[PDB]
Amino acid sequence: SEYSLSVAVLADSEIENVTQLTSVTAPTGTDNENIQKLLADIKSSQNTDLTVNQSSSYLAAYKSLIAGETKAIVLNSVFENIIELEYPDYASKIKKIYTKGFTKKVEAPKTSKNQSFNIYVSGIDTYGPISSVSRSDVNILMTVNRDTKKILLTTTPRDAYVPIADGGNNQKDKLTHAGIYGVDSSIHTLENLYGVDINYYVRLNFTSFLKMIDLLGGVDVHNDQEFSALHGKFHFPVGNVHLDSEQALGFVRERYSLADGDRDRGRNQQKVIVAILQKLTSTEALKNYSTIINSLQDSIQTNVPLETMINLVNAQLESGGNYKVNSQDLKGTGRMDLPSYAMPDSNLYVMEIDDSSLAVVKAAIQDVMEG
């Protein structure tokens, strides 16, 4: 994967190039490896030495730049998406006078040594091409045991206040912000929280989801409470409900009017996962798996190796047998007085994790994996 570091100044700065600078403001406490490589590239190509004025973060560097407390900053493209949270117009306030491309090695999927594996499902709250960066509002772990034919779905509330791995600097923030750093941040965050290996991920957005539901002929669920979604457009009665793609999207997005709010939304997402699984494991869908891949590969990202898809599909085609699915959700207390690492100037709602819910969730995951 690709990212870049740049030297940025204010849009109307008289500074045109890096040789005109003596210093740059940069978060060398937290992004030093990348920053030094940029500085080394600058020295190599333009024979210019810059001293660093340390900032506490990219956000803080940006604030110094716009306050005129520094003439130039280093920006890391990954963290521009964080800055955008507090400063939506940031891109319009700056120009870049030096740019350096970087690539990070992609952490391979992990093959399980046994009959169990974990797939992390990340749902991105945006329409459009799958490469659009946004927060991860769906965060569901699928723990699958091929031997016992059991699936456990563990949902972690998108507001869950957890140490965010990688770009999150292991500081506590709401889980959903991990999706802005990238799927690897999301993955490592949840591995650390639950003490498990995540073998694979699937990342999709609103547009990806609609495309998938259409392809499968919609989905069928049992709805437990009467509710409506999307400013009253869809009405869902108690009982068996068929959901076409727009209906299904409404079904998984509504929370405010639900008896258990965001918890019930998470349960609705789990119902839809089961319903999707039931369509994906029909004989027709399994036979036609390549067509499904062909039709959805542009809008759904996954690191499940093709080899692995073929094995899972053909094993299921040969064996049959449905998976028994159970669901759980990490519980906690909503608070508005805890600091957000990504948004330190905003009061955000977060969910402080309940220690005993966490223990129960972890033990349930281990139980399914062991058998």
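Residues carry their position along the shown sequence, with the first being 1.
- According to the PDB record, 224 to 232 carries the higher mean C-alpha B-factor of the two stretches 224 to 232 and 180 to 188.
- Looking at mean Cα B-factors across 103 to 111 and 193 to 201, the upper value is held by 103 to 111.
- Highest C-alpha temperature factor among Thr155, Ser290, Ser132, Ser92, as the PDB entry reports it: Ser132.
- Per the deposited coordinates, the residue with the largest Cα temperature factor out of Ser340, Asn311, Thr302, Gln36 is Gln36.
- Ranked by C-alpha B-factor against the other modelled residues of its chain, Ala8 falls in the lowest third.
- Among all modelled residues in this chain, the alpha-carbon of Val238 has a temperature factor (C-alpha) in the highest third.
- When the modelled residues of the chain are ordered by C-alpha B-factor, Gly123 sits in the lowest third.
- Ranked by Cα temperature factor within the chain, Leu296 sits in the middle third according to the deposited record.
- Looking at the C-alpha B-factors along this chain, the one for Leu215 belongs to the highest third.
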